[PDB]
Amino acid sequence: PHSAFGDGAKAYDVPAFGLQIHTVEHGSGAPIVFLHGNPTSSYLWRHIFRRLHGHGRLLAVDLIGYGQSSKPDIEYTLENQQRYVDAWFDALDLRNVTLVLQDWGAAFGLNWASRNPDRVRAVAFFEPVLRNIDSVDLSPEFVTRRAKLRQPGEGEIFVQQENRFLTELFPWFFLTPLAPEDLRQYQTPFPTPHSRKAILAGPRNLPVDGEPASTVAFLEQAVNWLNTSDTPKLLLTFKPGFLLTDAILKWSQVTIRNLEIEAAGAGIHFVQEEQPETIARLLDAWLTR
């Protein structure tokens, strides 16, 4: 794996339903699992991952559709993606698990936890896909683009043929511009139109103003576990942030149980690139508690 993951980090592929889930690991102890979202991979966690050496067994995955994991010719429904995540957790048979989740990784991580409450120690998340979002609360340029992407054909042209999600939209939504070399690393998984399939499914699956209704329903499944589990939970917030809208922040304070919330400073969305030091520090103090 990449040197930025730190000394003594190894990688390997985890088989699932015929495919491969690429996995970066370091250390030993209680498992700490890092799940990315769209359109990133384990690489997004590298600086946080390295700064967290020795808290336990660090596990960062590339979801199916991303990174060095297989890119099959499936529909990237939430049900299908969840199956592969469930599979990876099965292969590794983990317990006493701390989840550290961001974007879609929050949706899949929380969904897993909710059905596996006995295997979960703690969960930290930020910029999560968590709840229905009000379009008035999101950057309008993203909302408009998403609306275009939900149109048959136009979405595939923008994301898969022209590759503009990766060449335009992705690097725009960084507070601190992303270094050339790092943008190239995020693009290496995606040489072809077909390789980019999961990238388009993301925004189409994202719940905005109630649509799609299947995603509202999928995300609702973890709500009981969130509201009633005693598992310690940590939400980091960012100014201005992106997916964590005030209404969803207020929802989480009002609905989620045993939730600590800490400001982690200036950041938009890919906050692991924006405040890796602050995040790593806040997590480290948290895991110690």
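Residue numbers here begin at 1 and follow the sequence given.
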Query - Given 150 to 158 and 82 to 90, the range whose Cα B-factors average higher in the PDB entry - result: 82 to 90
Report task. Averaging only over Cα atoms, indicate whether 140 to 148 or 184 to 192 has the higher B-factor in the PDB entry. Result -> 184 to 192
**Report entry** Residue, from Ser252, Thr245, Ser28, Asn38, that the PDB entry assigns the highest Cα B-factor
**Finding:** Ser28
Report summary line: In this crystal structure's PDB entry, the residue among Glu168, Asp118, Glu127, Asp209 with the greatest CA B factor is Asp118
Requested in this report: Please place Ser229 in the lowest, middle or highest third of its chain by C-alpha B factor as given in the entry.
Outcome: highest
Query raised in the report: Compared with the other modelled residues in the chain, in which third is the CA B-factor of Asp73?
Result: highest
Query - Among modelled residues of the same chain, the CA temperature factor third for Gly265 - result: middle
Report task. Ordered by C-alpha B-factor within the chain, which third holds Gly65? Give me lowest, middle or highest, please. Result -> lowest
**Report entry** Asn205 by Cα B-factor - lowest, middle or highest third of the modelled chain
**Finding:** lowest
